[PDB]
Structures are given as C-alpha cells and as structure tokens.
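Colleague: Here it is, the structure in full.
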Amino acid sequence: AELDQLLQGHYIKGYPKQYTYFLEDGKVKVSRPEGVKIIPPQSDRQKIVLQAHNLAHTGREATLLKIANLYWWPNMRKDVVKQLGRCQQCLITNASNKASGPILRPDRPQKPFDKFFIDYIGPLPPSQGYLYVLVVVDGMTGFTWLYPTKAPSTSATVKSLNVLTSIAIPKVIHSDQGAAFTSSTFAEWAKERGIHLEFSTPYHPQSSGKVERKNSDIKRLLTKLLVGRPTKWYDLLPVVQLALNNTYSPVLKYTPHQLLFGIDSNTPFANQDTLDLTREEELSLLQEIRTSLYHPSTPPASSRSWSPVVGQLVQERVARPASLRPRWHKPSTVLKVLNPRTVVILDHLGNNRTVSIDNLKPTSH
Amino acid sequence: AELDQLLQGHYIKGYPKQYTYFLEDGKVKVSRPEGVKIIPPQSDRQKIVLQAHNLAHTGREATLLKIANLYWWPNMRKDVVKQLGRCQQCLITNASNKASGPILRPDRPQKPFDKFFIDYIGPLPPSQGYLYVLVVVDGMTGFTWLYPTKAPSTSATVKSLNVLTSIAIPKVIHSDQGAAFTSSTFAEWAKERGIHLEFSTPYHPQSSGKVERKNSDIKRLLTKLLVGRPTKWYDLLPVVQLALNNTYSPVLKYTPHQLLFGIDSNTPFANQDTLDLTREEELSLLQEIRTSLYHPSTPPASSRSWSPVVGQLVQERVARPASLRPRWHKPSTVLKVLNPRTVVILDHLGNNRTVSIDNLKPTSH
Amino acid sequence: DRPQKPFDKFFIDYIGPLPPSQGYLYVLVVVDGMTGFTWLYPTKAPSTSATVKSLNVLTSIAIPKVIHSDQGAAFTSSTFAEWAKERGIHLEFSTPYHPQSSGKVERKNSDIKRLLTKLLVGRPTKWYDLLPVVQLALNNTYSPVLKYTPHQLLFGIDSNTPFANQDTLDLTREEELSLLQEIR
Amino acid sequence: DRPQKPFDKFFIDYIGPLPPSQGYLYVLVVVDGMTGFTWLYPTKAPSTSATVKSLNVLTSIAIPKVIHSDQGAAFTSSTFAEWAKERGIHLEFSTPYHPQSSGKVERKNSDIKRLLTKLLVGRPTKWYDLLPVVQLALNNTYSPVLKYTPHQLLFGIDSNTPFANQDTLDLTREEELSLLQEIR
DNA sequence: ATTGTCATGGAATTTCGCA
DNA sequence: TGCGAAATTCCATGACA
DNA sequence: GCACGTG
DNA sequence: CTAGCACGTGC
DNA sequence: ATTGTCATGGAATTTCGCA
DNA sequence: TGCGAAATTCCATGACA
DNA sequence: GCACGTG
DNA sequence: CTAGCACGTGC
Ligand SMILES: [Mg+2]
Ligand SMILES: [Mg+2]
Ligand SMILES: [Mg+2]
Ligand SMILES: [Mg+2]
Ligand SMILES: [Zn+2]
Ligand SMILES: [Zn+2]
C-alpha cells in the first residue's frame, strides 16, 4: 500500500532513490548489488522475521542471513532484534556473553571472634562411624576448629559450637544457606547468645571463600597423610587442626596461631623472638601486627563485563535445571543494588531475593 | 665438627666473616639481625628440614619460616627444595601452578567426508523407548546427522553408520575413547570399509570439540523447542537435524548444507543467488568457497605456561581419584612430543600412552 | 530456461515384492533428476506409511521442490498429498500406463533393477545388508552423457570409494540356471 | 629472669565426684598460669583415660611447655607420663599433701569451686549444660592484681561477652537451706 | 538482607657480603 | 658504590566449592 | 508420609 | 555435598 | 598413536547515500 | 571528499563435555 | 559373574 | 555420561 509510491517513482524515507523498484509475480521487487530481493509490506514483515527466527531460534546475524536470502527492506536488523527481545525461549535458554564485574575483596575482620565462617565437608569415607566435618574459621586470624560429625545437622552444629564458644563468643557467624544453618532452631541458638547470623547469597560458594579455601587445605593435608593407607581420617583431625593452625602464610608472614595468641605454644619449631618482652609489650606488638596485615585489591575488570543498575532487567540462573530444560528464569527487575556484586531482585516466584551477580545475566535486546 | 673452625675464628665458604659465632648449651650459635639462631652440623640438617616439612607438608617459604624460627645456615632453601623434590606425598597431591600452552587449531578438513567426528549424547529423558543420540559431524562442512539409540553400544553405532555411509564413505572417523568406538568389533567394521579410526587423547573432550560443540547446539534447540511441554525429543530429532544443517554460521557466512551441496534444497528461505548458473559453474564456485574459509589461530600463550620437552619429568592427572586420594600419578618421562600439546609417556603402569598436556603437570623441584 | 539443479525433482517408485529379507519386501527408489543420485529405502509394503516413514528420513537431509511418481496407490493417497503439502513439495504424476522421467532417470532406474537382480541371485534373502553397497556403486559410476558420477555432481568432489570396475551387470550361465530353479 | 607467658604452665586438677549430669561426674580443671584462662572438661572418672581424652582436645589448640598437678593417680600413671613425653610436655608435681600453684591460680581455682557450687544448688543434675557459661564467666572477669581479664591477656582484645556484673558468689539464705536438704 | 581465598613455586626484584 | 649471588618478594594458577 | 530449596 | 550409570575388555 | 569450537550480541569499524 | 547512520565485522564469553 | 578403563 | 544423597521446611 505505502509501497505504491515506490513503483510510481516517488520517494519515501528509508528507501534510497537511486534504486529501481519494479513489479513481478504480484510482488514489489528491488535490484540490489547482491541480487534482486522481495520487499514485503510493513504489515507482513513482523511475521517474516518470526518465521525465519523460529526455524532454529537463531540470533541476530544468523536470523538476518535467512531473511536476506529472499527479502530486503530498510533497517531489517531493527525488526530482527525486536523479535529476539520477545522470544521467551531464546531469553531463557541462551547463554550470556557478558562477564560478571570484578570480585570484591571484603576487609579482613579487625579482631579475632568478630566473624566466624562455617561450613560442612562431606560425606567422607566412613571413619569410626563419622562422615562429616564442621569447619569453623575465624575471619581475622584464620585459626580453625575442626569438629567430626555423623550428619550436617543443626543439632550437631549446636553441640560442636557449644564446645568452641566455651573459649569465646563471636560477634557474627557467616555460613552458606545450608539447611543446618538456616533452621529456626539454629536461629534461636544464635539469638540466645547474641550472635548475629549472616548468610551467603545462594549457589555462590565464593562467598564462604574463607572457610571453603580452608577446606582445601584440610583435605590436601588429610590426603597426603593417608597416602598408601586406608582412608580413616577421624583420628587425624586433631593433628590436622593443630598442624594448620601453626602453618605460616607466606604472604602474611604469620601463622593463624600467632595471629590469635601473639605467641607460639609448645609446638615444634616454636618462634621465640619475644622471649625477652613482657606479655604487655607482646600484646601491643600483636596489635600493630593485626592492623598492618596485607590487604589484596579487586582485580581489573574484564573487557566485556556488566555491573547491575537499579531497574535493570536481569535473569537469575536456574539453580538445578532438569535435563533439556532452560538454565534461566524469566526476566526480573533489580530492586536494590547492595554493592557492585550483590543485588536484590523481585524473583520469578514474586519474592525479594538477595543474589550474587554471578548467578545473573542482563536480559538482552 | 667442620663447625669447630668457626668457634675458633677461622673462615669457611658460606659463613660470612663479620658475624660472631659462639657456643651455648652445647650448641653452636650465631648472632643475626633477626635474633640469635642455632647452626646445626651438616649431618643434622637433612633431618631438620624433614621434620619441619612434615608438620603440615608445606612448600618452600612456609617450610623455611618454621626452620628459621630456631635455625640458620648457608643456603637453607637449597636444602629445603631438595626435600620438597623427594616428598612423594607433596608431588602427587599438590596442584600445578603452571598453565598449559596455547591450544592448537587444527586445519579444517579439505573435503567433505574427509573426517567425521562422532559422539554420544545421553542419557536423555526416555522418549518413545529411546535414551541416547549418536551425533555424527562432518569436519569440513559441519553437516550433522543425528541417530536416536537405546544404548551407546557398538552395535547401535554400526547400525546407525550403515545408514549414513549409504550416502558416502569417510576417510577418517574421529571419536573419544568411548567403549562403543574402541571395541574390536568397531575396529573391524571400520577396517572392512577402509575407514581409518582416530581417537582423542583420554579425558579430553576438547579433542572432539567439533562434535561436542555441535552437541551444545542440538541440546539448546531441543530445550527451546520443548519449553512448557514434556521433554519428549525423539520426534523432534529430524526437525533439529534439518534446522541446524541449514543454519548460517555468521563467521563463515554459510550453512553446513550450503557447504555440503553448494545449493539450498527446498527449505524455508532457500538461497537462490546461483539460479542462473549451470551446476558446473556452481560447483567451481563451491570449490573456491570451501578453500577460502576463515581459519582461526592459536591464542597468545599465558604469562606462566609450560610446553613439554622430550625427557622431561611429568605427571598424568589421576582420571577418577577416590575421595581423599591424590590427583596425580607418580612422575613419568616424556617419550615423544607429538605436538606442543600432545605427548607420549611411559605411564605409571609401564605402557606407552598418548595424553593431552591438559592432563599433565611438570614435576617440580 | 534456468539450468537443472539437484533437489529440483526426485523420482520415486517402488520395486517389489522381493523375497523377504530381514522382514522387508520392497525397495523405495529415490533418484535425483539432475545428478542421478540414488537413495534406496527398504519397506514392508508399497504403502503411504512406508513411503512417509522412509521419505521423512530423506527429507531431514534435503527437501525436493518436486516429487514425481507413477499413479501408484501409495503416492496418490490423500495422506501422501497432505504430507507433501505440509513440506511445500509439489507432487507430479505421469499419466497411467505411460511412465515418463528422462533418459538419465530411465537409465539409472534400469541399472538399479538390473543391479538388484544380479545380487539377488545367490542371495535371495540377504539383500537387506547389501543395500548400502548397491547405493554406493550406483552413485560412484560414470555417466555416458556427462563425464561425472552422481557423487561428483552432488558434492563437487571425488568419492573415497571410486568404483573403478564397471562389471558385467548381465547374468552368467550358472546364474541364469540357479535363478530359473528359484521358482521350482 | 624471662617474663611469664601463656602456655608456660597449665595447672590441672579434678573436681568431684559431683552429682551425675548427663552421665558425667567430674570436672577436669585446666588453668593457664600466666593469664588465668580456664578450660573445664567434664569426665566420667578421674582417670588417666579421661584426662587424656580431654587434654587431647585442649592440646589441638595449644600445647603447654609444662603441666603441673597434685600427685593424683590419674596424673602419676605411666600412661600419662608417656602421653606427656610424646608431646614434649614436662610434668611437674607438688609434693603430697602440700598443694602449690600461685596466688593467681589458687584464687581462680577457688573462684571455680565456689562458682560451680553456687549454680549446683537448684540444679544438682543440670551442671553439664552450664559448663560453657561458667568458663565464659571466669574468663571474662577482672583480676585484682592486674587490671586485665584472662580473655584480654590471652587474645589481646576485649571480649564480646563482658561480664560487667560481678555477683555475690556467696550463698543466700534460701540457697543454704535447700543445699542442706540435698543430703537428707 | 550482602561481599572470594590463599598455598605454591618459578621469576623478578632486592638485599647483602665484600671490595 | 659496584658486582654476583642469595634472599625475598611477586604473582598466576588452581581447588575449595 | 512427599515435594522443594540449598549444599 | 558425591554418588552412580553406561559399555567392552580381560580373570 | 595426536590437535578445541562456534553461536551470540554489544562495540568497533566500515560502507553507503547523499551532497 | 565529507557527514550521519546503517551495515558489517569483531570478538569475549560460555557451554559442549 | 567382577574389577577396570573411559564417557 | 547424569544421577543421587543430605537436612529443615511446609501440604
Ligand atoms: Mg556448605
Ligand atoms: Mg563421548
Ligand atoms: Mg511403481
Ligand atoms: Mg585433685
Ligand atoms: Zn527464539
Ligand atoms: Zn610433603
């Protein structure tokens, strides 16, 4: 209809004038340097792009190249991406090609007992009836307590921590959203003692990096100690705990023991530089040591990363997708930006949810 | 004994002269700017380093820092790494901190049917009694044949390929070391037909990159097509095969169909640029298209990578280590260097074995 | 006025009934008009179903603009017509009792019937396992009119299985007699 | 001539038998000489085993150069001696009938016995669940001689549980009578 | 509502013993 | 105020998930 | 009991 | 959190 | 005796229509 | 022989394992 | 049957 | 190749 003007010879914005637009077999056609193409009426274009996209649900170029086989019109790709933006199946199945922003490196806790990080390791090979290990790492020092359990339950966590917190009470305990740590039973146990519970964003073990990284060392030592021997680890736990608590961190130049107490106990190769100082002189030396610790910085961003913005359309990764199912939930909106790596979204089930950006992609188109 | 010279005041190479070396509590001692340290006799040092290392099987610095608490002597670290080099447990448990070299990018096969890449996908959700898919990808074109099977057996592979090879016989078929493809039954079936079998280095799906990458597309399409519908895929296979064989590869500007036959068949949006050429003119145009295809190049090496050398001590990664067991086999020797990413080793069981360098680390110390 | 191309026309037809081979009785013959390329699918019956089952396989590879056949019942059914229409294939029928294709397609199809019959002689029941070899042979043998094989014309390359030997295709003396006994 | 330090000396002793609490009867008392820090482990018996079980836990945290005790049977056994030797701990015994530690350790240990007895009054059988609180209390209360708490001296920081209240530690009138009845 | 981490061992840089 | 070598520090890498 | 969310 | 399944092969 | 790959979509670059 | 914008190409990213 | 090697 | 286990929670 609006194509009648062309056949006559009149001009319309978008159609270059130096081209000859004729009629064949009922269709309006143009002669182009790639060959002769059909120009469909605007009212037919939305369905053409749909048909082409749907053959194999292709993205921009692979969709454009199909359409271009038979058709031409002004701003084809603008129509194409409009389609891509409305294909529910592409949006919830396609991968992201945008990397997460640079990781944060949160300040080391100031004092011992400020923040504990906790986690369960296991199942492990059954050893004297035991299958799991509760790993408690003190944020500031790295000093680590290992408790063997028969299950990753609240009840075993409470028992374990009643023993530990006989020494001292922490301000905060951070964990992943393990059932053991998110139970109202554990909520009350913590409340009763004035301990604030702090939880990792879900499916994001990075956030328990302190304890997870400690799990690595524990396992690596256990492994070595069990070489050419059946894997019975229960009796070795105390040995490993003690061993690791007294192991130097080359970057710090101190052992978590030394950072905890300011002096070695009677362990092999005990450091005795401070033998001549009074405890008081020792404790203030410790105070300067604790404050002067090396703190790493966020890496350089990658060339093609994204940082989330309030109001942005965004998609949470489907936690545990069934075989042949999408890996992404429908688009959701960024409600709050807690920091450049953590975000609140109104999730697909209609709840406020705190999530890591690693479990997000920005919705495209 | 050789320390007597020092107490007297004589000089020995390694011990700086400007230091005062006295005697206390039966031990030879030196005054150093970090404090006073014990100097043990050479005959006692090897065991000291052993004791210190063994507490937590620490590497260089963390071992040195322990020893340095009580002792000093010339070239402490030289003695330390000597130990590290002889600790069987550290060598077979410790991680590598050297990355593999840059990947190779093997030449695209010249002709269709030169090389097939094959693989099995599955198990998938049971669909009309079927659980697996045999994916056959032709190296040059990318043209792909999908066969549904009830098992990843030789017998189902033979049946499937008898159908395919009715069209044409390939020079080579490349697969991973799946039991289906390494059976003597499949060896004979291939021999009878003059097909040479070529196998990926083990635990290295990269090497079937062509078909693996095609698996990605297959699944992604199936997924999309099954959204909000039960996951019954058997009837969709032919649709997907056809869809993907006619999908443009933006980087190439061609569909695997077009690369196979030089002309579209009667599928939606069929390209018809060559409608005016004779088949002969078309086939020689195809010939130029095939030879002029984009070929990617190896990336830049990483700052800290290794490339293997004939005679080098090297360790194969333990395929599937039990819980709390080492991730590396004992050191082995590089027999032959097939290319900068593939190597022959006399493996831990005393056999010649072809392995990817990604499944190797250079033995350290 | 446009030069003939592969996928322009598929000439289909049934051959049989043959002696039972792994429960199969017929061969569906598909010949590409331009190239002479032959696909052969075994079936249990010259029915629309069997035709659809087999052609659903072939059309996952390539779809013809046109299918051509005799007025056989399998190809004239409503079901087959709807099948073709769904895939945008035009159906073309030769008038009854006057089969017509082209010199090339008449000649390949003659080759097929003769090649099948030659191997069917000692092996009346083992023909199923041989269909791949038959198909490879037909597709890798040089045309009289043009210098190229069907393989060559379809893919634009030499084959990895060149059938250097043209054989007799005629029956020998011992073959003729053991084939005459097949009835008695 | 070197100033006293934490881990220089642990003063250990048993307290009991107490009334059964979740099958436990005794308390092993470990007091660090320099800091006054107290660990308390419950046991079923004042035996070398129980002592070893409990101290194996404590010594995963820190190993004393010296352990000091009365000539109690649990601490004078061969087994306990070999245990100590394996870990490089020197054992030190007070002569029999003349217990001796230090003003600080005599005073903490007195505090312990008195604190335990005060809570044992209404709760003769519930003392097990209270051992954590007891230990926290003792460790977070300010010394007479020095201004710092044990916690402070051990870790070099304020505690997150400061026991701002010093209480009575003496028995009340109602407590004295319901404690006198405990026998009858 | 919350957030990566750190042992490891070649390599790069700095310190040291001696003029 | 400089040289050779040893000592120290730097830091990419990988595994904890 | 059973289905789901998280490890 | 890690376990298990599948096949073909060799006592 | 063997070896990564390629769809995807913002971004960077080039081409094009019109003076 | 230069401008604005559309068209094309570039290419990091992730998933196939 | 059963233990192993590879996917 | 992917499956399964574990816990606590809410019909
Ligand atoms: Mg966890
Ligand atoms: Mg495979
Ligand atoms: Mg017929
Ligand atoms: Mg006593
Ligand atoms: Zn789509
Ligand atoms: Zn070691």
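Naming works like this for the structure tokens: A, B, ... for the chains as they're shown, residue 1 at the start of each chain, ligands 1 onward in shown order.
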Output the contact residues of chain B with respect to chain I at a cut-off of 8 Å, based on only C-alpha atoms (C1' of nucleotides), as a list in words.
Modeller: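 So the contacting residues turn out to be residues 103, 104, 105, 106, 200, 201, 206, 207, 208, 209, 210, 213, 249, 338, 339, 341, 342 and 354 of chain B.
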Colleague: Go through the chains and note each residue within 12 Å of ligand 5, using only C-alpha atoms (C1' of nucleotides) and all ligand atoms, then give the set as a PyMOL selection string.
Modeller: (chain A and resi 49-60+62-63+80-94) or (chain B and resi 220-227)
Colleague: So how many Å separate atom CA of residue 53 of chain D and atom CA of residue 239 of chain A, to one decimal?
Modeller: 14.1 Å
Colleague: Of the residues B:184, B:149, B:100, B:46, which is the one nearest to chain H, using only C-alpha atoms (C1' of nucleotides)?
Modeller: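 The closest residue to chain H is B:184.
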Colleague: Would you work out the distance separating atom CA of residue 4 of chain B from atom CA of residue 76 of chain B, expressed in Å to one decimal?
Modeller: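 Computed distance, atom CA of residue 4 of chain B to atom CA of residue 76 of chain B, equals 20.0 Å.
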Colleague: Determine, counting only C-alpha atoms (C1' of nucleotides), which protein, DNA and RNA residues have an atom within 12 Å of an atom of residue 10 of chain H; residues of the same chain fewer than 3 positions away are not included. Present the result as a list in words.
Modeller: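 My list of contacting residues is residues 2, 3, 4 and 5 of chain K.
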Colleague: Restricted to N, CA, C and O atoms (P, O5', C5', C4', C3', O3' and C1' of nucleotides), what would the selected residues look like written as an mmCIF file, in the first residue's frame?
Modeller:
data_model
loop_
_atom_site.group_PDB
_atom_site.id
_atom_site.type_symbol
_atom_site.label_atom_id
_atom_site.label_comp_id
_atom_site.auth_asym_id
_atom_site.auth_seq_id
_atom_site.Cartn_x
_atom_site.Cartn_y
_atom_site.Cartn_z
ATOM 1 P P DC K 2 29.585 -60.952 40.922
ATOM 2 O "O5'" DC K 2 31.129 -61.285 40.578
ATOM 3 C "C5'" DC K 2 32.211 -60.967 41.478
ATOM 4 C "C4'" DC K 2 33.157 -59.894 40.936
ATOM 5 C "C3'" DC K 2 32.653 -58.449 41.052
ATOM 6 O "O3'" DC K 2 33.361 -57.731 42.110
ATOM 7 C "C1'" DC K 2 33.591 -58.901 38.855
ATOM 8 P P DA K 3 34.445 -56.541 41.961
ATOM 9 O "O5'" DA K 3 35.664 -57.206 41.132
ATOM 10 C "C5'" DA K 3 37.066 -57.068 41.502
ATOM 11 C "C4'" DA K 3 37.900 -56.224 40.525
ATOM 12 C "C3'" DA K 3 37.829 -54.705 40.727
ATOM 13 O "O3'" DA K 3 39.090 -54.058 40.403
ATOM 14 C "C1'" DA K 3 37.094 -55.209 38.555
ATOM 15 P P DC K 4 39.305 -52.452 40.386
ATOM 16 O "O5'" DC K 4 40.518 -52.278 39.340
ATOM 17 C "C5'" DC K 4 40.672 -53.129 38.185
ATOM 18 C "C4'" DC K 4 40.515 -52.446 36.823
ATOM 19 C "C3'" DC K 4 40.581 -50.922 36.721
ATOM 20 O "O3'" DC K 4 41.523 -50.616 35.712
ATOM 21 C "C1'" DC K 4 38.810 -51.722 35.429
ATOM 22 P P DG K 5 42.294 -49.214 35.691
ATOM 23 O "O5'" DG K 5 41.908 -48.625 34.256
ATOM 24 C "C5'" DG K 5 42.209 -49.277 33.028
ATOM 25 C "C4'" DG K 5 41.363 -48.654 31.928
ATOM 26 C "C3'" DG K 5 41.294 -47.136 31.967
ATOM 27 O "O3'" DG K 5 41.510 -46.652 30.665
ATOM 28 C "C1'" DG K 5 39.122 -48.020 31.874
#
Colleague: Could you work out how far atom CA of residue 7 of chain C lies from atom CA of residue 142 of chain B, giving the answer in Å with one decimal?
Modeller: 20.0 Å
Colleague: Can you list every residue in segment 197-361 of chain B that DSSP puts in strand (DSSP E), as a list in words?
Modeller: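 So, restricting segment 197-361 of chain B to strand (DSSP E), we get residues 197, 198, 199, 305, 306, 313, 314, 315, 316, 332, 333, 334, 335, 336, 337, 338, 339, 342, 343, 344, 345, 346, 352, 353, 354, 355, 356, 360 and 361 of chain B.
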Colleague: Pull the alpha helix (DSSP H) assignments for chain D out of DSSP run on the backbone, and list those residues as a ChimeraX atom specification.
Modeller: /D:48-58,73-76,78-86,103-119,131-139,150-155,173-180
Colleague: Find the residues around residue 302 of chain A up to 8 Å (only C-alpha atoms (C1' of nucleotides) counted), leave out those fewer than 5 positions away in its own chain, and share them as a compact mmCIF listing (two decimals) with C-alpha atoms, in the first residue's frame.
Modeller:
# COMPACT_ATOMS: atom_id res chain seq x y z
CA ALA A 99 31.15 -11.48 32.25
CA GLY A 101 32.22 -7.46 37.29
CA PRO A 102 35.50 -7.72 39.25
Colleague: Within 7 Å of ligand 2 (counting only C-alpha atoms (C1' of nucleotides) and all ligand atoms), which residues show up? I'd like them as a PyMOL selection string.
Modeller: (chain B and resi 119-120+176+178) or (chain K and resi 7)
Colleague: Any chance you can output those residues with C-alpha atoms (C1' of nucleotides) as a PDB file, in the first residue's frame?
Modeller:
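Everything below was put into out-v1.pdb:
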ATOM      1  CA  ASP B 119      29.916 -38.787  19.917  1.00  0.00           C
ATOM      2  CA  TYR B 120      27.012 -39.949  22.032  1.00  0.00           C
ATOM      3  CA  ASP B 176      36.663 -40.161  22.067  1.00  0.00           C
ATOM      4  CA  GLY B 178      34.184 -44.417  24.393  1.00  0.00           C
TER       5      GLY B 178
ATOM      6  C1'  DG K   7      32.323 -41.321  28.798  1.00  0.00           C
TER       7       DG K   7
END
Colleague: Set the cut-off to 10 Å, count only C-alpha atoms (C1' of nucleotides) and all ligand atoms, and list whatever residues fall near ligand 1 as a ChimeraX atom specification.
Modeller: /A:118-122,134-135,152,175-181,200,203-205,208,211-212 /F:17 /G:6-7 /H:1
Colleague: May I ask you to write as a PyMOL selection string all residues lying at most 7 Å from ligand 4, with only C-alpha atoms (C1' of nucleotides) and all ligand atoms counted?
Modeller: chain D and resi 13-15+70+72
Colleague: Write out, as a compact mmCIF listing (two decimals), in the first residue's frame, the residues just selected, with N, CA, C and O atoms.
Modeller:
# COMPACT_ATOMS: atom_id res chain seq x y z
N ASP D 13 43.71 -30.20 87.55
CA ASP D 13 43.21 -30.88 88.72
C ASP D 13 41.80 -31.37 88.48
O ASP D 13 41.14 -30.89 87.57
N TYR D 14 41.35 -32.33 89.28
CA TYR D 14 39.99 -32.83 89.15
C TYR D 14 39.15 -32.26 90.25
O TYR D 14 39.64 -32.02 91.34
N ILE D 15 37.87 -32.06 89.94
CA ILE D 15 36.87 -31.66 90.92
C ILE D 15 35.73 -32.66 90.87
O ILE D 15 35.13 -32.87 89.81
N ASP D 70 48.70 -32.06 91.36
CA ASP D 70 48.88 -32.83 92.60
C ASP D 70 49.25 -34.25 92.22
O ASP D 70 49.18 -34.62 91.04
N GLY D 72 47.76 -36.88 92.28
CA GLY D 72 46.59 -37.66 91.90
C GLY D 72 46.97 -38.82 91.01
O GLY D 72 47.95 -38.76 90.26
Colleague: Should the cut-off be 10 Å, what would the residue list for chain J against chain B look like, counting only C-alpha atoms (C1' of nucleotides), as a ChimeraX atom specification?
Modeller: /J:9-10,15-17
Colleague: Please produce an output containing N, CA, C and O atoms (P, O5', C5', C4', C3', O3' and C1' of nucleotides) for each residue in the selection, written as an mmCIF file, in the first residue's frame.
Modeller:
data_model
loop_
_atom_site.group_PDB
_atom_site.id
_atom_site.type_symbol
_atom_site.label_atom_id
_atom_site.label_comp_id
_atom_site.auth_asym_id
_atom_site.auth_seq_id
_atom_site.Cartn_x
_atom_site.Cartn_y
_atom_site.Cartn_z
ATOM 1 P P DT J 9 30.763 -8.441 6.373
ATOM 2 O "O5'" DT J 9 31.830 -8.254 7.557
ATOM 3 C "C5'" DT J 9 32.617 -7.056 7.613
ATOM 4 C "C4'" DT J 9 33.321 -6.937 8.950
ATOM 5 C "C3'" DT J 9 33.889 -8.238 9.499
ATOM 6 O "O3'" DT J 9 35.220 -7.913 9.810
ATOM 7 C "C1'" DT J 9 32.619 -7.158 11.180
ATOM 8 P P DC J 10 36.251 -8.887 10.554
ATOM 9 O "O5'" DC J 10 36.023 -8.446 12.078
ATOM 10 C "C5'" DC J 10 36.523 -7.194 12.478
ATOM 11 C "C4'" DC J 10 36.509 -7.111 13.986
ATOM 12 C "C3'" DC J 10 37.220 -8.247 14.691
ATOM 13 O "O3'" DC J 10 37.950 -7.655 15.737
ATOM 14 C "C1'" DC J 10 34.990 -8.077 15.506
ATOM 15 P P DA J 15 27.324 -21.097 30.576
ATOM 16 O "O5'" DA J 15 27.397 -22.324 29.545
ATOM 17 C "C5'" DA J 15 26.300 -22.605 28.715
ATOM 18 C "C4'" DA J 15 26.630 -23.749 27.792
ATOM 19 C "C3'" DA J 15 26.905 -25.077 28.479
ATOM 20 O "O3'" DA J 15 26.339 -26.112 27.708
ATOM 21 C "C1'" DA J 15 28.770 -24.451 27.171
ATOM 22 P P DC J 16 25.890 -27.505 28.385
ATOM 23 O "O5'" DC J 16 26.693 -28.531 27.444
ATOM 24 C "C5'" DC J 16 26.266 -28.817 26.123
ATOM 25 C "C4'" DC J 16 27.416 -29.357 25.314
ATOM 26 C "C3'" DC J 16 28.279 -30.417 25.962
ATOM 27 O "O3'" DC J 16 27.714 -31.700 25.753
ATOM 28 C "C1'" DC J 16 29.560 -28.795 24.730
ATOM 29 P P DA J 17 26.868 -32.441 26.899
ATOM 30 O "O5'" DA J 17 27.721 -32.105 28.218
ATOM 31 C "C5'" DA J 17 28.631 -33.052 28.751
ATOM 32 C "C4'" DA J 17 29.938 -33.042 27.993
ATOM 33 C "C3'" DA J 17 30.972 -34.006 28.535
ATOM 34 O "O3'" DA J 17 30.825 -35.217 27.837
ATOM 35 C "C1'" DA J 17 31.928 -32.016 27.603
#
Colleague: List the neighbours of residue 130 of chain C out to 12 Å using only C-alpha atoms (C1' of nucleotides); skip same-chain residues closer than 3 positions along the sequence, and give me the result as an NGL selection string.
Modeller: (:B and (162-163 or 166)) or (:C and (21-22 or 40-42 or 115-120 or 123-127 or 133-137))
Colleague: Mind dumping a table of every chain C residue within 7 Å of chain B, with the nearest atom pair and its distance in Å to one decimal, using only C-alpha atoms, sorted by chain and rising number, as CSV?
Modeller:
residue,atom,partner,partner_atom,distance
C:2,CA,B:276,CA,5.9
C:3,CA,B:278,CA,5.5
C:5,CA,B:279,CA,6.3
C:7,CA,B:265,CA,5.5
C:60,CA,B:242,CA,5.0
C:61,CA,B:242,CA,6.3
C:62,CA,B:265,CA,5.6
C:63,CA,B:266,CA,4.9
C:64,CA,B:266,CA,5.5
C:65,CA,B:266,CA,5.2
C:132,CA,B:166,CA,4.5
C:135,CA,B:166,CA,6.1
C:136,CA,B:166,CA,6.0
C:154,CA,B:261,CA,6.0
C:155,CA,B:261,CA,5.1
C:156,CA,B:283,CA,5.5
C:160,CA,B:169,CA,6.2
C:161,CA,B:169,CA,6.7
